[PDB]
Structure formats: structure tokens, C-alpha cells
$ cat coords.csv   # CSV, C-alpha atoms and all ligand atoms
chain,number,residue,atom,x,y,z
A,1,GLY,CA,0.1,-6.2,-17.0
A,2,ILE,CA,1.1,-3.0,-15.2
A,3,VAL,CA,4.6,-4.4,-14.2
A,4,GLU,CA,5.4,-5.5,-17.7
A,5,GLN,CA,4.4,-2.1,-19.2
A,6,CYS,CA,6.0,0.6,-17.0
A,7,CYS,CA,8.5,-1.3,-14.9
A,8,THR,CA,10.1,-4.0,-17.1
A,9,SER,CA,9.3,-1.8,-20.1
A,10,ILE,CA,8.6,2.0,-19.8
A,11,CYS,CA,5.3,3.8,-19.8
A,12,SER,CA,3.9,7.3,-19.8
A,13,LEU,CA,1.7,9.1,-17.2
A,14,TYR,CA,-1.2,8.7,-19.7
A,15,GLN,CA,-0.6,4.9,-19.8
A,16,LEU,CA,-0.7,4.9,-16.0
A,17,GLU,CA,-4.3,6.3,-16.2
A,18,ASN,CA,-5.3,2.9,-17.6
A,19,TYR,CA,-5.2,1.7,-14.0
A,20,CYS,CA,-7.5,4.3,-12.4
A,21,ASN,CA,-10.9,3.4,-11.2
B,1,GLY,CA,4.9,30.4,-6.7
B,2,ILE,CA,4.3,26.7,-7.6
B,3,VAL,CA,5.9,25.4,-4.5
B,4,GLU,CA,3.5,27.4,-2.3
B,5,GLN,CA,0.4,27.1,-4.6
B,6,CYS,CA,0.7,23.3,-4.6
B,7,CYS,CA,0.8,23.3,-0.8
B,8,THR,CA,-1.6,26.1,0.4
B,9,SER,CA,-3.7,25.3,-2.6
B,10,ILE,CA,-4.1,22.6,-5.3
B,11,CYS,CA,-2.1,22.4,-8.6
B,12,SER,CA,-2.2,20.3,-11.7
B,13,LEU,CA,0.4,18.1,-13.4
B,14,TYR,CA,0.1,20.5,-16.3
B,15,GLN,CA,1.2,23.4,-14.1
B,16,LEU,CA,4.1,21.2,-12.7
B,17,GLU,CA,5.2,20.5,-16.3
B,18,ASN,CA,6.2,24.2,-16.6
B,19,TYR,CA,9.1,23.5,-14.2
B,20,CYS,CA,10.7,20.8,-16.3
B,21,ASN,CA,14.0,21.6,-18.0
C,1,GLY,CA,-13.9,4.2,4.2
C,2,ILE,CA,-10.3,3.0,4.9
C,3,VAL,CA,-8.7,5.9,3.0
C,4,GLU,CA,-10.5,8.4,5.3
C,5,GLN,CA,-10.3,6.4,8.5
C,6,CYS,CA,-6.5,6.0,8.2
C,7,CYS,CA,-6.2,9.8,7.8
C,8,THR,CA,-8.8,11.4,10.1
C,9,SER,CA,-8.3,8.5,12.5
C,10,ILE,CA,-5.9,5.6,13.0
C,11,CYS,CA,-6.0,2.2,11.3
C,12,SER,CA,-4.2,-1.1,11.6
C,13,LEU,CA,-2.2,-3.2,9.1
C,14,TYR,CA,-4.8,-5.8,9.6
C,15,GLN,CA,-7.6,-3.5,8.4
C,16,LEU,CA,-5.3,-2.5,5.5
C,17,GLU,CA,-5.0,-6.2,4.6
C,18,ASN,CA,-8.6,-6.3,3.6
C,19,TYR,CA,-7.8,-4.2,0.6
C,20,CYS,CA,-5.3,-6.6,-0.9
C,21,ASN,CA,-6.4,-8.5,-4.0
D,1,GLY,CA,21.7,-9.1,9.6
D,2,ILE,CA,18.6,-7.1,8.4
D,3,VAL,CA,20.0,-6.4,4.8
D,4,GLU,CA,20.8,-10.1,4.3
D,5,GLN,CA,17.3,-11.2,5.5
D,6,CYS,CA,14.8,-8.8,3.7
D,7,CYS,CA,16.9,-7.1,1.0
D,8,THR,CA,19.3,-9.8,-0.4
D,9,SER,CA,16.8,-12.5,0.6
D,10,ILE,CA,13.1,-11.7,1.3
D,11,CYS,CA,11.4,-11.3,4.6
D,12,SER,CA,7.9,-10.9,6.1
D,13,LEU,CA,6.4,-8.0,8.0
D,14,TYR,CA,6.6,-10.2,11.1
D,15,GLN,CA,10.3,-10.8,10.6
D,16,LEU,CA,10.7,-7.0,10.3
D,17,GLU,CA,9.4,-6.8,13.9
D,18,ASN,CA,12.6,-8.4,15.0
D,19,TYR,CA,14.2,-5.0,14.6
D,20,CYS,CA,11.8,-2.9,16.8
D,21,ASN,CA,12.9,-1.6,20.1
E,1,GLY,CA,13.5,14.1,21.9
E,2,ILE,CA,14.7,14.3,18.2
E,3,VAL,CA,11.6,12.6,16.8
E,4,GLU,CA,9.4,15.3,18.5
E,5,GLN,CA,11.7,18.2,18.0
E,6,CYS,CA,12.0,17.6,14.3
E,7,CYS,CA,8.2,17.5,14.0
E,8,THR,CA,6.9,20.2,16.4
E,9,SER,CA,10.0,22.2,15.7
E,10,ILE,CA,12.9,22.3,13.2
E,11,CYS,CA,16.1,20.3,13.5
E,12,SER,CA,19.4,20.2,11.6
E,13,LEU,CA,21.2,17.3,9.7
E,14,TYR,CA,23.9,17.8,12.3
E,15,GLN,CA,21.5,17.0,15.2
E,16,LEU,CA,20.2,14.0,13.2
E,17,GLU,CA,23.8,12.7,12.9
E,18,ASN,CA,23.9,12.1,16.6
E,19,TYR,CA,21.4,9.2,16.0
E,20,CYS,CA,23.7,7.3,13.6
E,21,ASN,CA,25.3,4.1,14.9
F,1,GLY,CA,26.7,15.3,-14.1
F,2,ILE,CA,24.6,14.6,-10.9
F,3,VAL,CA,23.6,11.0,-12.1
F,4,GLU,CA,27.2,10.1,-12.8
F,5,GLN,CA,28.5,11.4,-9.5
F,6,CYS,CA,26.0,10.1,-6.8
F,7,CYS,CA,24.0,7.4,-8.7
F,8,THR,CA,26.5,5.6,-11.0
F,9,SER,CA,29.3,6.5,-8.6
F,10,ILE,CA,28.7,7.6,-4.9
F,11,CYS,CA,28.6,11.0,-3.5
F,12,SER,CA,28.3,12.8,-0.1
F,13,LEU,CA,25.7,15.1,1.2
F,14,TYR,CA,28.2,17.9,0.8
F,15,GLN,CA,28.7,17.1,-2.9
F,16,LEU,CA,24.9,17.1,-3.3
F,17,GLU,CA,25.0,20.8,-2.2
F,18,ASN,CA,26.7,21.5,-5.5
F,19,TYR,CA,23.2,21.3,-7.0
F,20,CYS,CA,21.4,23.9,-4.8
F,21,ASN,CA,20.4,27.2,-6.1
G,1,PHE,CA,2.2,-4.3,14.6
G,2,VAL,CA,1.2,-0.8,15.8
G,3,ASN,CA,-1.6,1.4,14.7
G,4,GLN,CA,-1.1,3.8,11.8
G,5,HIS,CA,-2.0,7.4,11.0
G,6,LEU,CA,-1.7,7.6,7.3
G,7,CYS,CA,-2.7,10.3,4.9
G,8,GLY,CA,-2.2,10.8,1.1
G,9,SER,CA,0.6,8.9,-0.5
G,10,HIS,CA,1.6,7.4,2.8
G,11,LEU,CA,-1.5,5.2,2.8
G,12,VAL,CA,-0.6,3.9,-0.6
G,13,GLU,CA,2.9,3.1,0.6
G,14,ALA,CA,1.5,1.1,3.5
G,15,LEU,CA,-0.9,-0.8,1.3
G,16,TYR,CA,2.0,-1.6,-1.0
G,17,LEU,CA,4.0,-3.0,1.9
G,18,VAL,CA,1.2,-4.9,3.5
G,19,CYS,CA,-0.1,-6.6,0.2
G,20,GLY,CA,3.0,-7.3,-1.7
G,21,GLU,CA,2.6,-9.3,-4.9
G,22,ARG,CA,-1.1,-9.7,-4.1
G,23,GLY,CA,-1.6,-6.1,-5.1
G,24,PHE,CA,-4.4,-3.9,-3.7
G,25,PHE,CA,-7.0,-1.5,-4.6
G,26,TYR,CA,-7.0,2.1,-3.4
G,27,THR,CA,-10.5,3.4,-3.1
G,28,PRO,CA,-11.0,6.9,-1.5
G,29,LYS,CA,-14.5,8.4,-1.0
G,30,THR,CA,-15.7,10.8,-3.5
H,1,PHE,CA,5.3,14.3,-20.1
H,2,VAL,CA,7.9,11.4,-20.2
H,3,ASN,CA,8.3,7.6,-20.3
H,4,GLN,CA,10.5,6.1,-17.5
H,5,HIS,CA,10.9,2.8,-15.5
H,6,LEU,CA,8.4,2.8,-12.6
H,7,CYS,CA,8.7,-0.2,-10.2
H,8,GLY,CA,7.4,-1.3,-6.9
H,9,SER,CA,6.6,1.4,-4.5
H,10,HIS,CA,7.5,4.0,-7.1
H,11,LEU,CA,5.0,2.6,-9.5
H,12,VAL,CA,2.2,2.9,-6.8
H,13,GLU,CA,3.3,6.5,-5.9
H,14,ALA,CA,2.9,7.3,-9.7
H,15,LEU,CA,-0.6,5.6,-9.7
H,16,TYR,CA,-1.6,7.7,-6.7
H,17,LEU,CA,-0.3,10.8,-8.4
H,18,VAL,CA,-2.2,10.2,-11.7
H,19,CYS,CA,-5.5,8.7,-10.3
H,20,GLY,CA,-5.8,10.3,-6.9
H,21,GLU,CA,-9.4,10.6,-5.7
H,22,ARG,CA,-10.6,8.3,-8.7
H,23,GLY,CA,-8.7,5.5,-6.9
H,24,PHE,CA,-6.8,2.8,-8.7
H,25,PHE,CA,-5.8,-0.8,-8.6
H,26,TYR,CA,-2.3,-2.2,-8.4
H,27,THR,CA,-2.4,-5.9,-9.6
H,28,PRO,CA,1.1,-7.0,-10.5
H,29,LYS,CA,0.1,-10.8,-11.0
H,30,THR,CA,-2.2,-9.6,-13.8
I,1,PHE,CA,0.9,-10.6,4.7
I,2,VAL,CA,3.7,-11.2,2.2
I,3,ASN,CA,7.5,-11.6,1.7
I,4,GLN,CA,9.2,-9.2,-0.7
I,5,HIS,CA,12.7,-7.6,-1.3
I,6,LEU,CA,13.0,-4.5,1.0
I,7,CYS,CA,16.2,-2.4,0.4
I,8,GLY,CA,17.6,0.9,1.5
I,9,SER,CA,15.2,3.6,2.1
I,10,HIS,CA,12.3,1.2,1.4
I,11,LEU,CA,13.5,-1.2,4.2
I,12,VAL,CA,13.6,1.8,6.7
I,13,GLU,CA,10.1,2.9,5.5
I,14,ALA,CA,8.9,-0.7,6.3
I,15,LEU,CA,10.6,-0.7,9.7
I,16,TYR,CA,8.9,2.6,10.5
I,17,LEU,CA,5.5,1.1,9.4
I,18,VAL,CA,5.8,-2.1,11.5
I,19,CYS,CA,7.5,-0.6,14.7
I,20,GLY,CA,6.3,3.0,14.7
I,21,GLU,CA,6.2,4.4,18.3
I,22,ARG,CA,8.2,1.4,19.6
I,23,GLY,CA,11.1,2.7,17.6
I,24,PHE,CA,13.6,0.6,15.8
I,25,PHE,CA,17.2,0.3,14.8
I,26,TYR,CA,18.5,0.0,11.3
I,27,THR,CA,22.1,-1.5,11.4
I,28,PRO,CA,23.1,-2.8,8.0
I,29,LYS,CA,26.8,-3.6,9.0
I,30,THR,CA,25.4,-6.1,11.5
J,1,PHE,CA,-5.0,13.7,-14.5
J,2,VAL,CA,-6.4,15.0,-11.2
J,3,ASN,CA,-5.5,18.0,-9.2
J,4,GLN,CA,-2.8,17.7,-6.5
J,5,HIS,CA,-2.3,18.9,-3.0
J,6,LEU,CA,1.5,18.6,-2.5
J,7,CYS,CA,3.7,19.9,0.3
J,8,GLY,CA,7.3,19.4,1.1
J,9,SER,CA,9.1,16.4,-0.4
J,10,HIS,CA,5.8,15.2,-2.0
J,11,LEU,CA,6.1,18.2,-4.4
J,12,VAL,CA,9.5,17.1,-5.4
J,13,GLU,CA,8.4,13.5,-6.0
J,14,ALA,CA,5.7,14.8,-8.3
J,15,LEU,CA,8.0,17.0,-10.3
J,16,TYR,CA,10.3,14.0,-10.6
J,17,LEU,CA,7.5,11.9,-12.1
J,18,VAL,CA,6.1,14.5,-14.3
J,19,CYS,CA,9.5,15.6,-15.8
J,20,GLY,CA,11.5,12.4,-16.1
J,21,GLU,CA,14.8,12.7,-17.8
J,22,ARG,CA,14.1,16.3,-18.7
J,23,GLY,CA,14.8,17.1,-15.0
J,24,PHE,CA,13.3,20.1,-13.3
J,25,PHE,CA,14.0,22.9,-11.1
J,26,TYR,CA,12.6,23.2,-7.6
J,27,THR,CA,12.3,26.9,-6.7
J,28,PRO,CA,10.4,27.7,-3.4
J,29,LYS,CA,9.8,31.3,-2.3
J,30,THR,CA,12.1,32.8,0.3
K,1,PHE,CA,22.7,22.3,4.9
K,2,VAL,CA,19.4,23.9,5.8
K,3,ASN,CA,17.2,23.2,8.8
K,4,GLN,CA,14.4,20.6,8.6
K,5,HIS,CA,10.8,20.2,9.5
K,6,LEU,CA,10.3,16.4,9.5
K,7,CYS,CA,7.3,14.4,10.8
K,8,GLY,CA,6.5,10.7,10.6
K,9,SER,CA,8.2,8.7,7.9
K,10,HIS,CA,10.0,11.8,6.6
K,11,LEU,CA,12.2,11.8,9.6
K,12,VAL,CA,13.2,8.2,9.0
K,13,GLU,CA,14.1,9.0,5.4
K,14,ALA,CA,16.3,11.8,6.6
K,15,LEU,CA,18.0,9.6,9.2
K,16,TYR,CA,18.6,7.1,6.4
K,17,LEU,CA,20.2,9.7,4.1
K,18,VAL,CA,22.3,11.3,6.8
K,19,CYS,CA,23.7,8.0,8.4
K,20,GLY,CA,24.2,5.8,5.4
K,21,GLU,CA,25.8,2.4,6.1
K,22,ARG,CA,26.4,3.5,9.6
K,23,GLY,CA,22.7,2.9,10.2
K,24,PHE,CA,20.7,4.7,12.9
K,25,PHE,CA,18.3,4.3,15.7
K,26,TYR,CA,14.8,5.7,15.6
K,27,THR,CA,13.6,6.4,19.1
K,28,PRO,CA,10.3,8.4,19.5
K,29,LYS,CA,8.9,9.3,22.9
K,30,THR,CA,6.2,7.2,24.4
L,1,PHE,CA,28.1,12.0,7.0
L,2,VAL,CA,28.4,9.2,4.4
L,3,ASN,CA,28.7,8.4,0.7
L,4,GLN,CA,26.0,6.1,-0.8
L,5,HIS,CA,24.3,5.4,-4.3
L,6,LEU,CA,21.4,7.9,-4.8
L,7,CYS,CA,19.3,7.3,-7.9
L,8,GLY,CA,16.1,8.6,-9.4
L,9,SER,CA,13.5,9.6,-6.9
L,10,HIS,CA,15.9,8.9,-4.0
L,11,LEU,CA,18.4,11.4,-5.5
L,12,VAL,CA,15.7,14.1,-5.7
L,13,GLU,CA,14.6,13.4,-2.1
L,14,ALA,CA,18.2,13.9,-1.0
L,15,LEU,CA,18.5,17.2,-3.0
L,16,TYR,CA,15.3,18.4,-1.3
L,17,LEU,CA,16.8,17.4,2.1
L,18,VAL,CA,20.1,19.2,1.6
L,19,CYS,CA,18.9,22.3,-0.3
L,20,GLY,CA,15.4,22.8,1.0
L,21,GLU,CA,14.3,26.5,0.8
L,22,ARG,CA,17.4,27.4,-1.3
L,23,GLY,CA,15.8,25.2,-4.1
L,24,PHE,CA,17.8,23.1,-6.5
L,25,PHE,CA,17.9,21.8,-10.0
L,26,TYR,CA,17.8,18.1,-11.0
L,27,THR,CA,19.3,17.9,-14.6
L,28,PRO,CA,20.3,14.3,-15.3
L,29,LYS,CA,21.1,15.0,-19.1
L,30,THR,CA,23.8,17.2,-17.9
A,101,CL,CL,2.7,14.9,5.3
A,102,CL,CL,15.6,0.6,-6.7
A,103,ZN,ZN,4.2,13.3,4.0
A,104,ZN,ZN,13.5,2.9,-4.7

$ encode --input "coords.csv" --output "C-alpha cells" --more "lines below"
Ligand SMILES: [Cl-]
Ligand SMILES: [Cl-]
Ligand SMILES: [Zn+2]
Ligand SMILES: [Zn+2]
Amino acid sequence: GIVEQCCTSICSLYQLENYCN
Amino acid sequence: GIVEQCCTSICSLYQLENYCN
Amino acid sequence: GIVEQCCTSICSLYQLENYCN
Amino acid sequence: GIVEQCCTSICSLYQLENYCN
Amino acid sequence: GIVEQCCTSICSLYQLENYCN
Amino acid sequence: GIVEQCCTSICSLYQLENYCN
Amino acid sequence: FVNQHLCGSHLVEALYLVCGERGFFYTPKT
Amino acid sequence: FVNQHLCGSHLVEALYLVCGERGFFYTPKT
Amino acid sequence: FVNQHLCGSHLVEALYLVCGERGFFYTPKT
Amino acid sequence: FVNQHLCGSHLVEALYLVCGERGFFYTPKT
Amino acid sequence: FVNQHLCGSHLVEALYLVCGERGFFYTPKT
Amino acid sequence: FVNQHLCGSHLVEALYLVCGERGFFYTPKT
């Protein structure tokens, strides 16, 4: 989920947009 | 400049990217 | 809503708790 | 003390109130 | 006090140092 | 550089002034 | 706990602290 | 932009940055 | 609420949240 | 990405997120 | 070091940086 | 003052504190 995409592994600002409403 | 613009007015992540090294 | 209330006005940690999953 | 209650070990918001004036 | 001063007015790191333990 | 002065190793507020314009 | 005046990112920090591993939703008006 | 490690309160700051007024959810158990 | 790890600047942000106007002390050597 | 209203340290946090390991320069007017 | 305009949590972050392991007390007026 | 570990977003917050209006550069690849 988000922790295991951008925290445990790394993620881009674009990937972070996956979690906007 | 960007510092001011961002504060008095709004700015985008794309404008901020111009200040990366 | 909570976002606004907290900023225009004050809010409590107990009101914030309602937005937890 | 506070570091070895909430940082090294974990602590609640209520336990944090132990350190208010 | 310092809390107020810093916010209504400006304060220096040297004034802040007085609040260290 | 800055990461290997204040992050990896430790550094003072005065050393941080080395990176002001 | 005391009452809070929280704008912008400061609200999100508060929600983070309050909710922990439960997570939260941030839903501003449009 | 870049890829970096974003954890905890830093991760929610980054969500607030990217999503802003849209809002977002932070659901670490997911 | 929850229990989480709160360190360094995050710990003092959480103290400010919880105590606010009461004030607080942050005394890690204790 | 949405537009941003960012003052003080909040601008620097944004530059940090946007630039990553590239780093950035913060150059306010005098 | 330059002079500072610091409100809310931003003051506490500054006290944290300035004091380090010495810790500090945050004492707002009532 | 003190010496502590300052990393990532915390390091840039500390640069903003110390440099402020002077501005600064954050160039971790250096
Ligand atoms: Cl603010
Ligand atoms: Cl960390
Ligand atoms: Zn702020
Ligand atoms: Zn951190």
C-alpha cells in the first residue's frame, strides 16, 4: 500500500497522486 | 521571485522545479 | 468542514479523531 | 524520560500530556 | 514573552538560546 | 558535503552557515 | 488536550499524530 | 521530479503537497 | 487515539499539539 | 499536481520534496 | 544568524534546533 | 548552541532557520 511503495521502497510525486481523492 | 510569488501569490510544483540543481 | 473549521476557527483533537480510518 | 517512553518505546497522546506545564 | 515576541515581532537564535535547559 | 557533515556526522548551527548564500 | 488553530499542512500533521496507524482522510471543501 | 523515501509525517506532508484541495487518504494498514 | 514512535523534532511537534498554551518542557537528558 | 500557497519554511519543504537528491537553491529577494 | 519571525509550531521547531540535547522549555503567555 | 544529526527535510529546515533571507543551497550530491 502507500507505506510499502514510497517509504519502504521509493516513489515519485506522480505515484503519490494515486492517493488523492 | 519564486520565494515571494509562492507566498503573496500561488505557484506550481513545475515552477518550483526550476530551482532544483 | 473540519479543514475549514480548524483554520477559520479552533477545533479539538477529539473532533480530528472523527477523520481517522 | 520522554525519549525512552515515546521514541525508543511508544507512547500515547495522553502520556505526552505528562510533559505539559 | 519569547513566544509572543517571536510571533508579533522578530527574535534571534540568541534570544531563543535562553530557553534551553 | 552537507549530508556527510551534519547528517551522517553531526554539525553545529555555525557549520550550517557554511551553506548560506 | 487543548483546542487547536490549524491551517494548511499543520492540520495534516495533527491528523497524522491523532490517528496513527489507523490513518485518516483529509477532505477540504471545494 | 525525483523518487525518494517518504515516511510517516513526511509522507503525509508530501500527500498534502501533491493533492492539496483535492484531499487525500493516508491508509498505511492497506 | 494511538501509540506510535515520536522522535526528535516530531516528538516536540506532538508536545506542542497536546500542551499548546499550557506550555511544556522537552528534556531528553532526563 | 495542484497550485500551492507557500510561505516561510513551507516553501523550503516543498522545494525539498520536488527536487530530491538534485537539491535546490533557496533565493529570497532582499 | 538572521532574525526570525516564528509563530505556532515553527517556534518550537526553532527551539528544538537551537537547544539540541539540552532540551528547552516552551512557555507561552496565558 | 549544539551539534546534532540533521537529515533530509530536517536539514533543510535548519538551513532555512540559520540563513533565512540570505538564502542557501542544499546540494546533497556535493
Ligand atoms: Cl503558517
Ligand atoms: Cl526520521
Ligand atoms: Zn506554518
Ligand atoms: Zn523526520

$ residues_near_point --input "coords.csv" --point "(6.1, 1.8, -8.6)" --cutoff "12 Å" --atoms "only C-alpha atoms" --output "JSON, numbers by chain"
{"A": [2, 3, 4, 5, 6, 7, 8, 10, 11, 16], "G": [12, 13, 16, 17, 20, 23], "H": [4, 5, 6, 7, 8, 9, 10, 11, 12, 13, 14, 15, 16, 17, 26, 27, 28], "I": [10], "J": [17], "L": [9]}

$ atom_distance --input "coords.csv" --atom1 "CA of residue 12 in chain A" --atom2 "CA of residue 21 in chain G"
22.3 Å

$ atom_distance --input "coords.csv" --atom1 "CA of residue 1 in chain H" --atom2 "CA of residue 30 in chain L"
18.9 Å

$ atom_distance --input "coords.csv" --atom1 "CA of residue 18 in chain I" --atom2 "CA of residue 19 in chain D"
9.4 Å

$ residues_near_point --input "coords.csv" --point "(7.7, -3.3, 21.5)" --cutoff "8 Å" --atoms "all atoms listed in the file" --output "PyMOL selection string"
(chain D and resi 20-21) or (chain I and resi 19+22-23)

$ build_atoms --input "coords.csv" --residues "range 1-19 of chain C" --atoms "N, CA, C and O atoms" --output "short mmCIF file (atom, residue, chain, number, x, y, z; two decimals), in the coordinates of the input"
data_model
loop_
_atom_site.label_atom_id
_atom_site.label_comp_id
_atom_site.auth_asym_id
_atom_site.auth_seq_id
_atom_site.Cartn_x
_atom_site.Cartn_y
_atom_site.Cartn_z
N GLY C 1 -14.45 5.52 4.62
CA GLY C 1 -13.90 4.20 4.20
C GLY C 1 -12.46 4.22 4.84
O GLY C 1 -12.13 5.15 5.59
N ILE C 2 -11.66 3.21 4.48
CA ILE C 2 -10.30 3.00 4.90
C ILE C 2 -9.38 4.21 4.60
O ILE C 2 -8.60 4.64 5.47
N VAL C 3 -9.51 4.75 3.40
CA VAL C 3 -8.70 5.90 3.00
C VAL C 3 -8.91 7.01 4.09
O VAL C 3 -7.94 7.52 4.68
N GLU C 4 -10.17 7.38 4.33
CA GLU C 4 -10.50 8.40 5.30
C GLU C 4 -10.08 8.00 6.71
O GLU C 4 -9.28 8.68 7.35
N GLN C 5 -10.63 6.89 7.18
CA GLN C 5 -10.30 6.40 8.50
C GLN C 5 -8.84 6.54 8.83
O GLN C 5 -8.47 7.19 9.81
N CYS C 6 -7.99 5.95 8.00
CA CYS C 6 -6.50 6.00 8.20
C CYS C 6 -6.09 7.45 8.39
O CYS C 6 -5.23 7.73 9.23
N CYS C 7 -6.65 8.41 7.71
CA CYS C 7 -6.20 9.80 7.80
C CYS C 7 -6.81 10.66 8.92
O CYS C 7 -6.03 11.27 9.61
N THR C 8 -8.14 10.76 8.95
CA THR C 8 -8.80 11.40 10.10
C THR C 8 -8.48 10.62 11.38
O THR C 8 -8.15 11.23 12.40
N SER C 9 -8.57 9.30 11.33
CA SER C 9 -8.30 8.50 12.50
C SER C 9 -7.18 7.46 12.19
O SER C 9 -6.59 7.48 11.11
N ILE C 10 -6.90 6.59 13.16
CA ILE C 10 -5.90 5.60 13.00
C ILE C 10 -6.44 4.27 12.47
O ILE C 10 -7.64 4.02 12.60
N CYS C 11 -5.59 3.45 11.87
CA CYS C 11 -6.00 2.20 11.30
C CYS C 11 -4.86 1.20 11.52
O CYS C 11 -3.71 1.61 11.75
N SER C 12 -5.15 -0.08 11.40
CA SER C 12 -4.20 -1.10 11.60
C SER C 12 -3.78 -1.76 10.32
O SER C 12 -4.55 -1.62 9.32
N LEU C 13 -2.63 -2.46 10.33
CA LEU C 13 -2.20 -3.20 9.10
C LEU C 13 -3.15 -4.28 8.83
O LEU C 13 -3.34 -4.63 7.65
N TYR C 14 -3.84 -4.78 9.86
CA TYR C 14 -4.80 -5.80 9.60
C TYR C 14 -6.04 -5.35 8.91
O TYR C 14 -6.58 -6.12 8.07
N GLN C 15 -6.51 -4.11 9.22
CA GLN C 15 -7.60 -3.50 8.40
C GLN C 15 -7.10 -3.20 6.99
O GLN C 15 -7.92 -3.32 6.03
N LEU C 16 -5.82 -2.80 6.82
CA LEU C 16 -5.30 -2.50 5.50
C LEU C 16 -5.29 -3.84 4.62
O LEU C 16 -5.55 -3.82 3.40
N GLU C 17 -5.03 -4.97 5.27
CA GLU C 17 -5.00 -6.20 4.60
C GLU C 17 -6.27 -6.56 3.83
O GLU C 17 -6.30 -7.32 2.85
N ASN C 18 -7.36 -5.98 4.27
CA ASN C 18 -8.60 -6.30 3.60
C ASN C 18 -8.69 -5.71 2.21
O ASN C 18 -9.60 -6.01 1.43
N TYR C 19 -7.76 -4.83 1.87
CA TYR C 19 -7.80 -4.20 0.60
C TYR C 19 -6.84 -4.81 -0.39
O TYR C 19 -6.73 -4.40 -1.54
#
